[PDB]
């Protein structure tokens, strides 16, 4: 019984979203690849290189025209005629457009593909641009975070495979299931926020009792993600649980909202 074809391309990025994907605990990434999807192109993991990889790309997008899902990690730079990110000797944006044209839908993994992320922070030397500003005629599901939570990534994939539909999204294209609520609306330190019980300096007595990180710059109050509920790495922790405020990393423009250590 065939598996849905998936093409995973990479623009300017750090590869954290691919690494997050392989951290998935349930389903294991192994079982996603072997049983749930056909991961038919992916530069990080595939055997073929060079001309052999270009043949795979061309063959899949032609054979499965209109039927594959395009996963995109990273983003295209518009500066230097696109040659800040070069793929087979040509601008990455050309590969992005070719892959998008045949896709039934696009998953924009991470803050890079969704919004811009660190390369788009001031002064954005490469004119890094999110996917939805370039591809304007396809369904794009934004799954932001730097990177998104591993088990969120795999849950979105299993939802789509099991239910044979895209997740319902908010006004920004984020799946409601994991991005509908703020970090601060499901944070286990909220009792302390409400009581005015704050960490004031690192490793103070308040920190050693798990008090709220608002005065240390936590951006939980303005950030939509699942970190405080689903948590990270098979439920082991999340930023706030290990003592650092949320940076806001799922939100558009979070690098340029002032210092991470300045209050919301």
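Residue numbers count along the first chain shown, from 1.
Engineer: Compare the mean C-alpha B-factor of 214 to 222 with that of 59 to 67 as given in the PDB entry, and name the stretch with the higher value.
Structural biologist: Higher mean C-alpha B-factor in the PDB entry: 59 to 67.
Engineer: Averaging CA B factors per stretch from the PDB record, which one is higher: 15 to 23 or 251 to 259?
Structural biologist: Stretch with the greater average CA B-factor: 251 to 259.
Engineer: Which one of 37, 236, 227, 28 shows the top CA temperature factor in the record?
Structural biologist: Reading the PDB entry, the winner on C-alpha B-factor is 37.
Engineer: Of the choices 108, 187, 117, 101, which one's C-alpha carries the largest B-factor in the record?
Structural biologist: Answer for 108, 187, 117, 101: 101, with the highest C-alpha B-factor.
Engineer: Would you check the entry's CA temperature factor for residue 139 and let me know if it's in the chain's lowest, middle or highest third?
Structural biologist: Highest third, going by the recorded CA B-factors of the chain.
Engineer: Which third of the chain does residue 163 land in by C-alpha B-factor: lowest, middle or highest?
Structural biologist: Ranked within chain, residue 163 CA B lands in the highest tercile.
Engineer: Of the three thirds of its chain by CA temperature factor, lowest, middle or highest, which one includes residue 87?
Structural biologist: Tercile = highest for this residue's CA B-factor.
Engineer: Quick check for you: using the entry's CA B-factors within this chain, is residue 130 in the lowest, middle or highest third?
Structural biologist: Middle third.
Engineer: Looking at the C-alpha B-factor of residue 183, is it in the lowest, middle or highest third of its chain?
Structural biologist: According to the entry, residue 183 has a C-alpha B-factor in the chain's middle third.
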